[PDB]
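>
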Amino acid sequence: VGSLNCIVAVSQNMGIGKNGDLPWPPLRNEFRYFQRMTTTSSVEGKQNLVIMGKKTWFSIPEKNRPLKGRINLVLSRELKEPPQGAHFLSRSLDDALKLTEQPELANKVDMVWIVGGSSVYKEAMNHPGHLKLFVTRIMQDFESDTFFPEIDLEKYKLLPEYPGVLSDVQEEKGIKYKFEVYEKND
Ligand SMILES: Nc1nc(N)c2cc(CNc3cc(Cl)ccc3Cl)cnc2n1
């Protein structure tokens, strides 16, 4: 299995959702970036895995679920099977990561990817090892009810650029944003 990653878009006030929707109006090219980064595999014969909590799964528009061309894994202790259209279910992030090494997945998975929600980001972000964060900074405040965990810059280094990530300021629908990549290894 390849690298472990989180990907998020976050407002200036650290918001990532409001009632299960994005705090901001749809940013079509930001979503394209999220689809491209998560899908683009780093090996032959494999797909990337996406790991998300249950609320994040059901926040994705049905037309958009599962995320195509990726293996979709949902985290829940309440669910007893994967939701309709999903591929795998685990009780917890540690369990999911253990699964990727079982014979059923070992072969199949390139990059791993954590796409939310807040508690899943927090546990990944505080677990030892090699982890990258792909963070889109939406450069405005937006009313939110779910937030990205604090990024400890003692351990997460902001990279000066990264292949496939634009370094400049972007703007859609009057909202400026920028892409960042952070990396820790502890
Ligand atoms: N950078 C980044 N990182 C993530 N984890 C993202 C995840 C999503 C998934 N959420 C979502 C998707 C659609 Cl099209 C509409 C409604 C919602 Cl709530 C959307 N954009 C994301 N951007």
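Heads up, the sequence shown is in the authors' numbering, so the first residue is 1 and it goes up one at a time. All residues carry an ideal CB built from backbone N, CA and C; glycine is no exception.
Compare the beta carbon distance of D110 and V165 with 8 Å and say whether it is the shorter of the two.
As a position in the sequence shown, residue 110 is number 110, starting the count at 1. As a position in the sequence shown, residue 165 is number 165, starting the count at 1. Result no, Cβ atoms of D110 and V165 do not sit closer than 8 Å.
> Determine which residues share a DSSP beta bridge with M139 and list them.
Stepping through the sequence shown from its first residue, residue 139 is reached at position 139. According to DSSP, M139 bridges with nothing at all.
> Quick one: residues in its chain with C-beta nearer than 6 Å to the C-beta of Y156, no 5 flanking neighbours on either side, listed in chain order?
Taking the first residue of the sequence shown as position 1, residue 156 is located at position 156. If we look at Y156 and ignore the five residues flanking it on each side, its Cβ neighbours are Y182 and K184.
> Considering only the alpha carbon of each residue, which of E78, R77 and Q84 lies closest to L67?
Working through the sequence shown from its first residue, we reach residue 67 at position 67. Selected option, being the one with the closest Cα: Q84.
> Are the segment 78-98 and the segment 30-45 in contact at 8 Å, needing three or more beta carbon pairs?
The answer is no - the segment 30-45 does not touch the segment 78-98, with fewer than three Cβ pairs under 8 Å.
> Quickly, what does DSSP pair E172 with across the bridge? List them, please.
For the purposes of this step, residue 172 is taken as the residue at position 172 of the sequence shown. Answer is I175.
> Looking at the secondary structure, which residues open and close the beta strand (DSSP E) in which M52 lies?
Translated into the one-based positions of the sequence shown, residue 52 becomes position 52. From DSSP, the beta strand (DSSP E) with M52 extends over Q47 to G53.
> Could you check how far apart the C-beta atoms of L4 and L131 are, in whole angstroms? I think they sit under 8 Å.
Numbered from its first residue, the sequence shown carries residue 4 at position 4. Numbered from its first residue, the sequence shown carries residue 131 at position 131. Going by Cβ atoms, the distance from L4 to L131 rounds to 5 Å, so yes, they are a contact pair.
> For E123, which residues in the same chain have their Cβ closer than 7 Å to its Cβ, ignoring the five residues on either side in sequence?
Translated into the one-based positions of the sequence shown, residue 123 becomes position 123. If we look at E123 and ignore the five residues flanking it on each side, its Cβ neighbours are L93.
> Suppose you measure from the CA of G174 to the CA of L159; what does that come to, to the nearest Å?
Taking the first residue of the sequence shown as 1, we reach residue 174 at position 174. Taking the first residue of the sequence shown as 1, we reach residue 159 at position 159. Near 27 Å, if we compare the C-alpha coordinates of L159 and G174.
> Using the Cα positions of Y121 and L97, report the straight-line distance between them to the nearest angstrom.
Translated into the one-based positions of the sequence shown, residue 121 becomes position 121. Translated into the one-based positions of the sequence shown, residue 97 becomes position 97. Distance between the alpha carbons of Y121 and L97 is about 14 Å.
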